[PDB]
Structures are given as structure tokens and as C-alpha cells.
Student: 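Dropping a structure here in C-alpha cells format, bear with me for questions.
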Amino acid sequence: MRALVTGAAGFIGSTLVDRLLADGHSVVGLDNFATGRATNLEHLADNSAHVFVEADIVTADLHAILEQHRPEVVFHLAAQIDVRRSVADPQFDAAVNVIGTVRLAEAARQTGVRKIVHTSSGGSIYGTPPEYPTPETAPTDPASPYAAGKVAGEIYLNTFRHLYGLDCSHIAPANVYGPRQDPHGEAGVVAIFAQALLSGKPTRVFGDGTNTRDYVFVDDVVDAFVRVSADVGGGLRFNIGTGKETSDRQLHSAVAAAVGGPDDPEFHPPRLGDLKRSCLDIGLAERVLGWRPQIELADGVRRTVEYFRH
Amino acid sequence: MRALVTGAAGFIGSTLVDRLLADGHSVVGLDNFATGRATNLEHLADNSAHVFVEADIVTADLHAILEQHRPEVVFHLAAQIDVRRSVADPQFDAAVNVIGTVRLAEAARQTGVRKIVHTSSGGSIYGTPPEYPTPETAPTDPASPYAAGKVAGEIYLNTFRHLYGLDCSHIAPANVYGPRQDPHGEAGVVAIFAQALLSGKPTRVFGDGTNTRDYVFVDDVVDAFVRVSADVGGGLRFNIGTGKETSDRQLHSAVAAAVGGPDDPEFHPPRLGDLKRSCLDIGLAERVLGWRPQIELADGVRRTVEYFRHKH
Ligand SMILES: NC(=O)c1ccc[n+]([C@@H]2O[C@H](COP(=O)([O-])OP(=O)(O)OC[C@H]3O[C@@H](n4cnc5c(N)ncnc54)[C@H](O)[C@@H]3O)[C@@H](O)[C@H]2O)c1
Ligand SMILES: NC(=O)c1ccc[n+]([C@@H]2O[C@H](COP(=O)([O-])OP(=O)(O)OC[C@H]3O[C@@H](n4cnc5c(N)ncnc54)[C@H](O)[C@@H]3O)[C@@H](O)[C@H]2O)c1
Ligand SMILES: CC(=O)N[C@H]1[C@@H](OP(=O)(O)OP(=O)(O)OC[C@H]2O[C@@H](n3ccc(=O)[nH]c3=O)[C@H](O)[C@@H]2O)O[C@H](CO)[C@H](O)[C@@H]1O
Ligand SMILES: CC(=O)N[C@H]1[C@@H](OP(=O)(O)OP(=O)(O)OC[C@H]2O[C@@H](n3ccc(=O)[nH]c3=O)[C@H](O)[C@@H]2O)O[C@H](CO)[C@H](O)[C@@H]1O
């Protein structure tokens, strides 16, 4: 297939590019380097089936880009990704996650694109849900601007689906980790932990350390993108995770055990916008797509730590 | 109380400003005249309880405006309102209806505002639900960017409620009609019909003319805004309509009757983004706010046509 990946210079995005290339597709990567890193893509310099486009989804001429490359599928991973930043600047977050998505769909509907695979946020869109693990049938209840924009994004794409028959599916991961996740970001705990501990620098958890997340390995998430790019799950969201909850303190202990060295994080004040718990029901992805997570946390932590050790 | 009304130079907004003033509130109106009209507010020139601010909600310093005026409640009616226009330019519609709303909420949470009463669209957000009349518990399913943005605005306001305890309620009207509705607008069938029939110009319905809407009179809608402005129905949407369906064809007949003369519309092809059917369940508003609509279509159409006469 002809694929286009927005946010391609990012953690998940660069990994997806790799997987799509390996499966024998041509890939157009698109990014503006807001949080992406050229270093994530530098191995592709002489890769025959990849071409990169530096563009801002909020302001670039996406029509011309899509008209030129005619991707069959757009994998849409470009977004403002930090919950806390979305709180500090809800307008910027909305501009990138809502307006960017709208412009993309509007360009896609006019350029014969078959399907947009959207990245929603399984971890956050449900807010505090009625039950854990949480199914896609649970109502959305965002409690950060980030979460709200992701929901809005789904709704808009569903709308384009009604209007024009531009197909869409919403990949909704929990907390994704693995190699290439920015260790210098303020989001991406596993990478933040791994880098700091490897270099003997201080680490922290927030509040009392009891917050849980559902940690799912990047390679697993990428396979879900691939499966859903076919003619399946039109207008549907797919929770992508493990159905297992790990505390911040438990996560720290696991990363410190892989790195060797101390397990003594500082405890800092709670962060406005951060949910206390997240656990995803992944039954729908198993039945419809045949998707199941292969990498357990202990294994994922080792792979991530060994990527940072070098 | 101190109130601020965005979209204040518009059809519903100017009417709301009138009601709030009559209730003894001080009122700041705000508008950029994208679709509004100076004539809608011209009578308020000498009223010291009303201040008007020309501002674009997309780019204006809403923080500074709200810091100056310190409204207790913000009634948010400023929006791109045309479904067809939202299809032609979804980006522009999203900027006004989503970004604009976010900017207002971010300003309101910093300036001691108690509550934002949002204007959603009961008419469009549900899409093709299995239930008519449609209750608020029915899942949203927008089929136009206008409707998507209205839903998106609800959600953002709900988010701000969680984050900061900035209270919100969403007034979700059906098809609103009455005095001050722009006769030369792209949207607003009652006004479109009255102006064309009163000056013997052509008129049209879309498709086979069987599309239905739930026509609710502006005064009834404005009353709901007032009731929901209090510390009640926090976080909730309220459908505001009559729970009765009228087809495009039947409405034409009703306006033709009120005007006099011929009942002979043209039939034009369906418009992309338009729902075929709309009717709201208004039970929640009755139970929670004590709100019921007073004006039946026949009475309301006569009132509207009267207004259009006095305006030569
Ligand atoms: N990491 C997780 O746990 C997780 C899980 C659920 C949702 N997501 C979503 O997955 C996607 C990938 O995020 P990630 O974890 O790889 O983080 P990331 O920051 O590494 O990737 C985001 C990428 O988007 C790019 N981008 C941002 N704004 C842009 C714009 N206006 N124009 C063009 N490119 C722009 C960034 O430069 C970056 O390359 C995002 O949409 C994110 O919201 C992440
Ligand atoms: N009329 C209906 O049948 C109906 C029913 C449901 C929802 N609504 C909603 O009710 C509200 C009022 O609509 P109306 O029927 O009075 O239409 P209107 O066009 O007369 O009123 C909308 C007002 O918003 C102003 N506005 C638009 N964009 C703005 C911006 N960027 N900055 C500042 N002001 C801006 C316009 O200039 C206008 O005065 C809107 O939010 C609309 O979507 C209308
Ligand atoms: C539950 C939730 O909303 N998850 C979403 C959110 O992840 P999060 O915002 O939850 O991710 P994060 O890496 O910022 O934090 C994850 C967890 O690790 C903890 N932590 C983090 C950093 C640190 O130095 N120490 C520490 O203890 C933090 O308290 C939290 O419980 O945003 C992601 C994109 O960025 C995805 O959209 C996730 O689905
Ligand atoms: C069902 C629905 O989505 N309703 C919303 C939508 O109203 P609408 O977009 O339905 O408003 P409109 O006045 O444009 O159309 C109302 C009805 O009148 C018909 N018609 C219109 C023009 C004409 O010349 N002849 C004719 O017959 C049209 O086919 C439709 O069935 O937008 C409004 C704001 O603008 C409100 O948000 C409404 O809640």
C-alpha cells in the first residue's frame, strides 16, 4: 500500500514507519519536529521506500501533499501529546489535535484517501470510568484538554465518514513505552525513568505514587495500527493495551531493577489533569482484528533500558 | 447579576440580552458581526445596564474582556451557524465553534465566572437516532462539521468543569424561529419563507419536502437560557424544542397561510450535511428546570410574519 504517517518523526510514528517499510509498503513521513526528532528517522537516509515531508498539520497545504503522494491510508499520529501542556495551553492543544485532524480529513476526502487511522487516547478519554478494565462501550468523560481533543478528533472523523465515505478507525492505546520514546520529554515515564537511572540522575513519582497505568509495548501498538488499516472497524474505536495495572512506584522499582542501582524516587505534588487509574479492556481488538499484546512489562522494560544503555 | 452574552448582536443573543435586562441584570454583549446586525441592539444605545464589546472569540483577548467585566454567567451563543457553510469550510467552523469555545472557557476559569451556559445544537448532534422524540441520553452521531463542533464544545466545557469546577450547562435547541432572524440568511427557513412570500419571490423546499424539524419560538428558547443560568443542571445538556415534527412542505403551507397568497414551492435537490428528521424530547427540561414551550407553531408563525410586515 501507499501509506502516509503524520507524526512520523515521533516515538510511535517512527516505529510504525519501520514496520510499514518492513512489510513492503511505500511510506511518506510527515512531521514538524514539535516533539519529534530527526534522529528517530536518520537510519532511513538511504531507504528507498521512504520520503519525508516537513510540514505543520495545522497550517501546511495538506491538500497538495496528499494530491502529490496519493496515500491509500493515512496513519494520523501527529498531536500535542502532553496532558500537562494541554492544561497550561488548551488552545494550542485544540489547534493541533482538533484543527489539525479536521484539516487532514478535509484534505483526505478530496484526494481519494481510503481510510484514516486516527490515534485517540485509551488512557485518558474515559476519564474516571464506571469500571476497570474499561471497554470501548464505556462513555467518554475527558478530564484534561488533551483528552477532550482526542474525543473531538474521533467525532470529526466519524463525521467525514458520514459525509464523504472517508473511512476511519480510532486506535486508542493505553500507556505506550519502548525504544525511541523521548527521555527528555515530560511525558513518557518509562523513558524518563530509564535515562535518569542509567545516568544516576534524580527521579520522581507524583502524589503518593499509587497512580496506575496500563503499560503496552510499542511494537504491539504498531501491529494494531497495521491490522486496522484494512477494511475493518469503520467508525469504531479499538482499545490497545494489556488489561494490567502498574503503579508509578511499581514501575520505578521495575526500571531500577533492570538498570541496577537505587530505587528511591522523590515524591512531588500531584499534577492537575492526571487521572489516578487506567486499565483497558482489549476484547474487541482480539475478536475483530486478532490483535493481542505479546510483550509483558518485565520484558519491555529490559528492551527499553538496553536501548537507552547505548 | 452580571451577565455576558457572546453572539449578542445575533437573532437569539439580542433576544436574550433583552430578557436579561428586563430581569434587572447588567449585561455585556459581545459580537464580531460575522452574521449579526447592529439593528438587533440599536434600541439599547441609552441603556446604562448594557455595554457592547466588538470582539472575535477566535483572536480577541477574552481574558482581558472578562477580567474587566467580571460576569457571573457567560451565555455562549457566538458561533458559525450554517450547516452548509460548515461542510464547505470545516476548518473555519471548527475554529469558531471549538477553538472559540475553548478560548472562552480558558478565560472564564481565570476570571471568577461561576457558569458558562453553552449553546449546542439539539437539532443536529443526534444524527439519525433510533428514538424520536430524541432524549439527551441518546448517543450523539453528528453528520456535519457544524454538529461535530457543537458536540466538541460540550465536551470541552465538561472538561473545564472537571478541571476547575467552572460550571456549565448546554442548551441544545431544535429549530428556532421568530423576530430578528436574518431574512437574508443562508439558514432559518421560517425567515427565508416569510421574506420571499411577503415580496412575491420564489421559494423552494429540498428533496421531496418530507424532511422534518422541531420548530420552537425564540422567546421559549430564551426562557430556558435564563432558567439554566442558576446553580442547576450542572454538566447536563437540555433539549429545548416542542417535541412536534413539521415537514418542510407543511411549514411552507403554514407560512403561506399566514402571509396570504400562493402555496407553490419549487423542489430542489437535497443538501449535503442536512439531516432528514429532527424532533426533541423535552422532558428533562420540564422535570429539572420547570421549562415548557408556550408558543405553538401557528401562533409563532403569525407573530413572526407580523414582525416582517412592520419591517416593510
Ligand atoms: N505514548 C502514549 O502512551 C500514547 C498512547 C495513546 C495516545 N498516544 C498518541 O500517539 C501519538 C504518537 O505520540 P508519541 O507517543 O509517539 O509521542 P511523540 O511526541 O514522540 O510523537 C508525536 C509526533 O507528532 C509530531 N507533531 C506534533 N504536532 C505536530 C504538528 N502540528 N504537525 C506535524 N507534526 C506534529 C511531533 O513532532 C512528534 O513527532 C500521538 O497522537 C499521541 O497523542 C500516545
Ligand atoms: N437558530 C437556530 O435554529 C439554532 C438552534 C440551535 C442552535 N443554535 C445556536 O444558537 C446560537 C445563536 O444562533 P442564531 O440563530 O442567533 O444565529 P445568528 O447568526 O443570528 O447569531 C450568532 C451570532 O454569533 C456571532 N458570531 C459568530 N462568529 C463569531 C465570532 N467568531 N466572534 C464573535 N461573535 C461571533 C454572529 O455575528 C451572530 O451575531 C448559535 O450558537 C447557534 O449555533 C441556533
Ligand atoms: C492515563 C492517561 O491519561 N494516559 C495517557 C497519557 O499518559 P500520561 O499522561 O499518564 O503519561 P506520563 O508518562 O506523563 O505519566 C504516566 C504515569 O507515570 C507517572 N510519572 C510520570 C513521570 C515521572 O517522572 N514520574 C511518574 O511517576 C505519572 O504520575 C503517571 O501516573 O498521555 C499519553 C500521551 O502522552 C497517552 O495519551 C496516554 O493514553
Ligand atoms: C436538524 C438540524 O440540524 N437542526 C439545526 C440546523 O438547522 P437547519 O440546518 O435544518 O436549518 P434550516 O433553516 O437551514 O433548514 C430547516 C429545514 O427547512 C428546509 N428548508 C430550508 C431552506 C429553504 O429555503 N427551504 C426549506 O425547505 C430544510 O430542508 C430543512 O429541513 O442548524 C440550526 C442553526 O443554523 C440549528 O442548530 C438547528 O438545531
Side-chain angles (χ1 to χ4, degrees), chain A residues 58-59 80 84-96 98-99 144-145 148-149 272-273, chain B residues 1-10 12-14 16-17 20-21 25-38 40-41 44-45 47-80 92-119 149 152-153 156-169 225 229:
Chain A
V58 175
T59 68
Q80 198 297 118
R84 280 75 45 193
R85 289 185 218 165
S86 88
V87 167
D89 195 348
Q91 179 185 345
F92 182 75
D93 175 272
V96 181
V98 183
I99 295 287
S144 64
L272 188 71
Chain B
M1 66 165 165
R2 297 177 297 283
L4 186 148
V5 183
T6 75
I12 310 187
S14 64
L16 179 58
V17 166
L20 289 168
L21 291 173
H25 308 298
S26 73
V27 182
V28 176
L30 182 146
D31 210 291
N32 79 334
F33 294 90
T35 52
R37 305 192 288 163
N40 282 339
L41 293 176
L44 294 172
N47 187 331
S48 52
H50 169 75
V51 173
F52 180 83
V53 180
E54 191 178 24
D56 184 350
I57 62 169
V58 179
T59 56
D61 188 342
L62 292 180
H63 176 279
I65 290 158
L66 264 56
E67 177 68 29
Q68 178 173 339
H69 293 280
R70 298 302 197 160
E72 177 182 352
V73 178
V74 180
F75 303 83
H76 183 38
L77 287 79
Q80 197 296 116
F92 175 77
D93 172 279
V96 178
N97 298 1
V98 186
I99 299 289
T101 298
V102 169
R103 289 187 85 250
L104 185 61
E106 179 64 348
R109 73 90 183 180
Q110 290 182 267
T111 52
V113 174
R114 174 170 64 75
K115 186 171 188 167
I116 304 199
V117 178
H118 182 51
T119 319
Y156 266 107
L157 290 186
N158 294 339
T159 299
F160 279 87
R161 191 169 181 268
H162 280 313
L163 272 172
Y164 301 110
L166 179 62
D167 200 17
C168 63
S169 291
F225 272 109
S229 70

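All values below were derived from every heavy atom in this structure, side-chain atoms included, with hydrogens, water molecules and symmetry-related copies excluded. Quick note on labels: first sequence line is chain A, next is B, and so on, each numbered from 1.
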Student: Minimum heavy-atom separation for B:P71 to B:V74, with atom names?
Tutor: CG-CG2, 4.0 Å

Student: Closest heavy-atom contact between B:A9 and B:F33?
Tutor: CB-CE2, 3.7 Å

Student: Test side chain to side chain contact (heavy atoms under 4.5 Å, CB included) on B:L62 and B:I57; report intermediate values, then the result.
Tutor: CA-CA 7 Å; B:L62 292 180; B:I57 62 169; 4.3 Å; yes

Student: Is there a side-chain contact between B:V53 and B:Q68, using heavy atoms and a 4.5 Å cut-off?
Tutor: no

Student: For a 4.5 angstrom cut-off between non-hydrogen side-chain atoms, does B:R70 reach B:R2?
Tutor: yes

Student: Determine whether a donor-acceptor pair (N or O, by modelled atom type, separation under 3.5 Å) exists between the side chain of B:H25 and the backbone of B:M1.
Tutor: yes

Student: On a heavy-atom basis, which atom in B:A105 and which in B:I116 lie closest, and how many Å separate them?
Tutor: CA-CD1, 4.0 Å

Student: Name the residue from B:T119, B:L20, B:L4 that meets the side-chain contact (heavy atoms from CB on, under 4.5 Å) definition with B:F75.
Tutor: B:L20

Student: B:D167 side chain to B:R114 main-chain N or O, any donor-acceptor pair under 3.5 Å?
Tutor: no

Student: Do you know which two heavy atoms are closest between B:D31 and B:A8, and how far apart they sit?
Tutor: OD2-N, 3.2 Å

Student: Do B:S14 and B:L44 have side-chain heavy atoms sitting under 4.5 Å apart?
Tutor: no

Student: Could you state the interatomic distance from CG (A:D89) to CD (A:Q80), rounded to the nearest 0.5 Å?
Tutor: 8.5 Å

Student: Within the structure provided, determine whether B:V17 and B:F52 are in side-chain contact (heavy-atom separation under 4.5 Å).
Tutor: no

Student: Of the non-hydrogen atoms in B:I99 and A:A95, which two are nearest, and what is the gap between them?
Tutor: CD1-N, 3.7 Å

Student: Output the distance between atom CG (B:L30) and atom NE2 (B:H76), rounded to the nearest 0.5 Å.
Tutor: 10.0 Å

Student: Hey, could you give me the CD/NZ distance between B:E72 and B:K115, rounded to the nearest 0.5 Å?
Tutor: 11.0 Å

Student: Hey, is the main chain of A:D93 close enough, under 3.5 Å, to the side chain of A:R85 for a donor-acceptor pair?
Tutor: no

Student: Could you pull out the closest heavy-atom pair between A:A148 and B:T159, with the gap in Å?
Tutor: CB-OG1, 3.5 Å

Student: Could I get the full list of side-chain contact (heavy atoms from CB on, under 4.5 Å) partners for B:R109, not counting sequence neighbours?
Tutor: B:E106, B:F160, B:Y164, B:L166

Student: Roughly how far apart are B:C168 SG and B:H162 NE2, rounded to 0.5 Å?
Tutor: 9.0 Å

Student: Report the distance from atom NE2 of B:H50 to atom CG of B:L21, rounding to the nearest 0.5 Å.
Tutor: 7.0 Å

Student: Can you measure from CG (B:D56) to CG (B:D61) and round to the nearest 0.5 angstrom?
Tutor: 12.5 Å

Student: With the side chain counted from C-beta on, respond yes when B:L77 and B:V5 share a heavy-atom pair under 4.5 Å apart, and no when they do not.
Tutor: yes

